[PDB]
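In what follows, a single structure is set out as structure tokens and then discussed.
Each answer follows from the model by the rule given with it, or from the source it names; none is laboratory data. No Cβ is skipped: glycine too gets one built from the backbone with ideal geometry, and neighbour counts run over all protein chains shown.
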2 protein chains.
Amino acid sequence: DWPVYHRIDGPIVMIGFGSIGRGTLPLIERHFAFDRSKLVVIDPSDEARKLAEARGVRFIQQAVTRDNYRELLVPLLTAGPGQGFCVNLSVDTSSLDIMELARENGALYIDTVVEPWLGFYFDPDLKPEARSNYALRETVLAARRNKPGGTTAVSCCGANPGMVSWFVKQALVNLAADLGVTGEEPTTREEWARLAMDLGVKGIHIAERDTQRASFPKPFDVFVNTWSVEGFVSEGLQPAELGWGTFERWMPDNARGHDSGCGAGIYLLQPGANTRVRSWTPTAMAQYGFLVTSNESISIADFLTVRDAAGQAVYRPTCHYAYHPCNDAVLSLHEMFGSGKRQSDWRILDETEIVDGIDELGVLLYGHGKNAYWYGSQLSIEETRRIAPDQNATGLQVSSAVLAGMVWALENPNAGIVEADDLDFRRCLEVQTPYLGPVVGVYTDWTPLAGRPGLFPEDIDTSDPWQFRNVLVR
Amino acid sequence: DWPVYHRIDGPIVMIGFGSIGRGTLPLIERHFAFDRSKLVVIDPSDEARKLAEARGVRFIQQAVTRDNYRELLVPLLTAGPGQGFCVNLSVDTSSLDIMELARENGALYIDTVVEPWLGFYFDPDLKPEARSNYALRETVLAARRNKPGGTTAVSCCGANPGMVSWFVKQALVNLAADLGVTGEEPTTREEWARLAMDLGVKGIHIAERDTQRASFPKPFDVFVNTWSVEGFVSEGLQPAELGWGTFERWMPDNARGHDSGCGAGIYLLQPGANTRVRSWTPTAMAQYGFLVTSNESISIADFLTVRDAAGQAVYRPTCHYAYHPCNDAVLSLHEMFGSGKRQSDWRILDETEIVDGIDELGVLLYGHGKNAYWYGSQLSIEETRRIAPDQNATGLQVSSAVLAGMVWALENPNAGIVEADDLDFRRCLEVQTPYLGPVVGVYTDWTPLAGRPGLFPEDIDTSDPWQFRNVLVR
Ligand SMILES: NC(=O)c1ccc[n+]([C@@H]2O[C@H](COP(=O)([O-])OP(=O)(O)OC[C@H]3O[C@@H](n4cnc5c(N)ncnc54)[C@H](O)[C@@H]3O)[C@@H](O)[C@H]2O)c1
Ligand SMILES: NC(=O)c1ccc[n+]([C@@H]2O[C@H](COP(=O)([O-])OP(=O)(O)OC[C@H]3O[C@@H](n4cnc5c(N)ncnc54)[C@H](O)[C@@H]3O)[C@@H](O)[C@H]2O)c1
Ligand SMILES: N=C(N)NCCCCN
Ligand SMILES: N=C(N)NCCCCN
């Protein structure tokens, strides 16, 4: 039977009951021991309420806001008798503020994104830099510097960001082993960064192809996706953003850096979901991905940075998302950007509405001696239905990563604010792997210069195929 | 009863029996009197052979090539009694060479495209300019100069190019009445151009939205379209191309012109089917179109050119395609350009495989006192099935235009080499309109600057919304 990993000796407050909350609830019920009445879900949606009622769980129909979050969450999280867990799977709420509240009150915390309070992105006074995930992540890093240690709070532990950080570590270990380099895995950040450097990893794509197909044709003026439409659209309209590698010799005119922080990132003055990059996955082969911002684009690049004695970064990989979402989402983006406005309506594909497909999600490490190596999950919708209810393949990759992060936090409850790169990757993947379907590593000789130059002149760097100059669709 | 317009007393030689041939042959049988045994269909494919045999129509299973076209076609064209008609609906054949052969032998000719002999576009020696439809059109214009008058040959008489030239004329007439511009209806090229000038038409999009949806989900590694995949892909990989208006104040760095010829065109050093433009149709509202080259982009701009005494152009409209193909074609393009190569397979949607949708195809005239005006056809697949067999809505707009061109050529058989702009638009529309479904004019206040500037800085021209600088997606 399914492993029960830990007892939760206090309230479980789930904030948000959308596609991820719905997929995560049954895993929490499955894998943790707790009096069922300890769990309560908070979401303003009527649709969410009706589903919660059907699932028999306590439900509070309320939006968490800057104005009410303390009066609402403090009593719920401290109801006792022991340590509670705030599982934040919402939109429109401040990850940082909720995380800091949980910590102040001794509750564990996890989320899958650094989200700001509602209103954040449509303020007519926020410059593009302030919209970036770099900036948002810096608020979390600052919180950690201000209050080191204390109760564990796991930031950005979904599929991506989240799981993909563990994939990068496993991929680095495999690359070394495949070269016949034996010896202990790295144990410190510095050792991981040096392993990437020593293997000659120039960069990393979070290389995803979602092939889930709907049972109905795409409706006009409806945005369709396999996870949050609101969240995807919001992220898609943020600047394109990437961790910026030391090997890069060119950036677009509209690229910008940051005055402060870890130094690992740049962003482009254009929306990520309307920015294409040339990339590759095992099922897609060569494909376009969208250069949508993601926390791990920065966090992984930062994590794998090697500095000289003077503190200057001398090695860092490029890192960014190369996302090919489901066909209906591709059409939805073309519709949205073509119209200049959000569709009037949206829907998230339910497992009952998906005829077939997988969410192929992995990390593509490139520039090393074997050119490119993709490592990740090929979870199908059919396998998903066999192993976890109320979600599609996209959702299960996320919900199972939340499960893994929750197990890690319960096992390591005094670790302070941590990112996915800080967790024990082997333990997290041991928890998650039952929900990931095939997890495979595949080498390819494909590069962004395959078939180039073609019929027209192009500004390419033929000496270094994986330069962003060659990857970016221009 | 359907009108039988004329008797055709000689051979009817149909070159190519793909999607358009299959839709055109029944209209030919319906609307012309002739002995059925005088029709001959030539196509290399077994698929076509079986379809022609099912119709009891004479079939020759050959590819027409530069090597064989004279020995193959001359006996067919001249079999008598009296004047034959060459109906060229093929790919991979030289429109100019076959046209010249037909003329030399006194046969009428019609096609829907200026196509080169197979091998043309894979010539790695070929400079981009030589790939352009402007160049191909110039070979036809030079043929007309070399041999003025003589037997009628109608070049590029499909839906677009073809029918849309007639829509431009009607739209100009409608604009003149709605704007209160007095004067007799034009009856010469010079008068038409002067009317466009007087109305202040800055430019024209061939503004198309195909909403035909398939009964099956898009297959991986299959290019799906509603008409020729080979043709669309070929055109899609040609340079983006447009008739270039005198009002334009900016062109991109990768734009180029021509050293000779009519002067009406530019092209961009990038593939047209991977070039997006901001455009509009009544059903789509604001949308992206692809800037795919088309003969009429040049022919309409040229036709509507006003010159001073020196022969310098003082007015000319911008004119180009802004094509939003069916959803499966949009996905197919993303797949093809993302992979850097043609899919392994392709299919053209049969009417039996289309669940719903329309081919909304018109002309969007902009820059005048009522901003923008769209005029064209909203033909649905349902209406298509009721009125014509063996084709979808895309096919019927094309096949009915070929019918109109054939009627016109029979009534005007010594007009020499002509384009759709040279034909009597009222007579052609009188023949075609029964097959076009709703034909409507719609004004809109939309402009390419709607919603702009937005979240990010953009290199726009705020002085004049319709500038190509604002239309082109960068
Ligand atoms: N790291 C990853 O891999 C990953 C993957 C998917 C989603 N996410 C993120 O997880 C979150 C949930 O995604 P989803 O697919 O479930 O989204 P969703 O849009 O399906 O659901 C979001 C839910 O939040 C609720 N909500 C809105 N305002 C709220 C408020 N003020 N307080 C409480 N709840 C509120 C909505 O009613 C909705 O049910 C999103 O922020 C998304 O960006 C991360
Ligand atoms: N102006 C317009 O509106 C318009 C619209 C659609 C198509 N077209 C053009 O019309 C033509 C026909 O389109 P379609 O949808 O029927 O294309 P299709 O791809 O369905 O059919 C093309 C046919 O040509 C045949 N063919 C190939 N090589 C040949 C050769 N050497 N000699 C004779 N036949 C040969 C093929 O076997 C096939 O049956 C294409 O060139 C296309 O570009 C124009
Ligand atoms: N990483 C993002 N920008 N969004 C969340 C993506 C989740 C789909 N695997
Ligand atoms: N005009 C072209 N480039 N191709 C022909 C398109 C026919 C779709 N109405």
Checklist entry - Of A:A273, A:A264, which residue is more than 26 Å from A:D359 (Cα to Cα), crowded, with 24+ Cβ neighbours inside 10 Å and of a type in the set (G, A, S)? => result A:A264
Checklist outcome for this item: By residue number, the members of the stretch B:232-254 that are in contact with a strand residue (DSSP E or B) (Cβ under 7 Å, 6 or more places away or on another chain) and surrounded by fewer than 18 Cβ atoms within 10 Å (Cβ to Cβ) are B:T246, B:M251, B:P252, B:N254
Next on the checklist: I'd like to know if the stretch A:155-162 contains one or more residues that are away from chain B (no Cβ under 14 Å), under 25 Å from A:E248 (Cα atoms) and either surrounded by 15 or more Cβ atoms within 10 Å (Cβ to Cβ) or within 16 Å of ligand 3 (Cβ to nearest atom) (or both).
Outcome noted: yes
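A quick yes/no check of all residues on (1) within 14 Å of chain B (Cβ to nearest Cβ); (2) within 16 Å of ligand 4 (Cβ to nearest atom); (3) over 19 Å from A:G16 (Cα atoms); (4) in contact with a helix residue (DSSP H, G or I) (Cβ under 7 Å, 6 or more places away or on another chain):
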| site | (1), (2), (3), (4) |
| --- | --- |
| A:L73 | no, no, no, yes |
| A:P81 | no, no, yes, no |
| A:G84 | no, no, no, yes |
| A:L108 | no, no, no, yes |
| A:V113 | no, no, no, yes |
| A:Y121 | yes, no, yes, yes |
| A:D125 | yes, no, yes, no |
| A:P128 | yes, no, yes, no |
Checklist entry - Taking the stretch A:302-329, which residues are hydrophobic (A, V, I, L, M, F, W, C) and either in contact (Cβ under 8 Å) with a residue 12 or more places away in the chain or within 14 Å of ligand 3 (Cβ to nearest atom) (or both)? => result A:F303, A:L304, A:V306, A:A313, A:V314, A:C319, A:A322, A:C326, A:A329
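Hey, among the residues in the stretch A:339-363 that are at the interface with chain B (Cβ under 10 Å from one of its Cβ atoms) and surrounded by fewer than 22 Cβ atoms within 10 Å (Cβ to Cβ), which one's farthest from ligand 4 (Cβ to nearest atom)? Working first, answer last.
Start the filter on the stretch A:339-363 by keeping residues that are at the interface with chain B (Cβ under 10 Å from one of its Cβ atoms), which leaves A:339-341, A:355-357.
Going one step further and asking which of them are surrounded by fewer than 22 Cβ atoms within 10 Å (Cβ to Cβ), we end up with A:339-341, A:355-356.
Working: A:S339: 21, A:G340: 25, A:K341: 26, A:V355: 29, A:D356: 31 Å.
Checked the stretch A:339-363; the qualifying residue farthest from ligand 4 (Cβ to nearest atom) is A:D356.
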Checklist entry - For the stretch A:244-304, which fully contained strands (runs of 3 or more DSSP E) count at least 2 residues that are within 11 Å of chain B (Cβ to nearest Cβ) and of a type in the set (D, E, K, R)? => result A:276-281
Checklist entry - Looking at B:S19, is it closer than 30 Å to B:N146 by Cβ, of a type in the set (S, T, Y), in contact (Cβ under 8 Å) with a residue 60 or more places away in the chain and in the same structural domain as B:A409 (by CATH)? => result no
Next on the checklist: Can you find, within the stretch B:325-338, the residue that is surrounded by the most Cβ atoms within 10 Å (Cβ to Cβ) among those that are part of a helix (DSSP H, G or I) and not aliphatic (A, V, I, L, M)?
Outcome noted: B:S332
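State which residue is nearest to the chain's Cα centre (by Cα) when the search covers only the stretch B:200-259 and only residues that are of a type in the set (S, T, N, Q) and within 16 Å of ligand 2 (Cβ to nearest atom).
Going through the qualifying residues, I end up with B:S228.
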Item to check | Whichever residue in the stretch B:46-71 is within 14 Å of B:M14 (Cα to Cα) and of a type in the set (G, A, S) and, among such residues, is nearest to ligand 4 (Cβ to nearest atom) | outcome: B:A48
Next on the checklist: Suppose we filter A:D308, A:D221 for residues that are among the acidic types (D, E), touching a strand residue (DSSP E or B) at 6+ places or on another chain (Cβ under 9 Å) and away from chain B (no Cβ under 14 Å); which single one remains?
Outcome noted: A:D308
Checklist entry - From A:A415, A:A401, which residue is outside any strand (DSSP E or B), within 16 Å of ligand 1 (Cβ to nearest atom) and either more than 18 Å from A:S95 (Cα to Cα) or out of contact with any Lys or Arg (no Cβ under 8 Å at 6 or more places or on another chain) (or both)? => result A:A401
Next on the checklist: Under 6 Å between Cβ atoms, which residue pairs at least 6 apart in sequence (or on different chains) link something in the stretch A:222-234 that is near ligand 1 (Cβ under 10 Å from one of its atoms) with a partner that is part of a helix (DSSP H, G or I)?
Outcome noted: A:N225/A:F232; A:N225/A:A329; A:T226/A:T394; A:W227/A:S19; A:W227/A:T394
Item to check | Residue list for the stretch A:200-231, restricted to those being part of a helix (DSSP H, G or I) and surrounded by fewer than 20 Cβ atoms within 10 Å (Cβ to Cβ) | outcome: A:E230, A:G231
Next on the checklist: Name the residue that is farthest from ligand 1 (Cβ to nearest atom), counting only residues in the stretch B:31-45 that are in contact (Cβ under 8 Å) with a residue 40 or more places away in the chain and more than 17 Å from B:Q61 (Cα to Cα).
Outcome noted: B:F32
Item to check | Every residue from the stretch B:311-338 that is away from chain A (no Cβ under 14 Å) and under 23 Å from the mean Cα position of the chain (by Cα) | outcome: B:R316, B:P317, B:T318, B:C319, B:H320, B:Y321
Checklist entry - Hey, B:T384 hits all of (1) under 30 Å from B:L96 (Cα atoms); (2) β-branched (V, I, T); (3) buried (at least 24 other Cβ atoms within 10 Å of the Cβ) but one; which does it fall short on? => result (1)
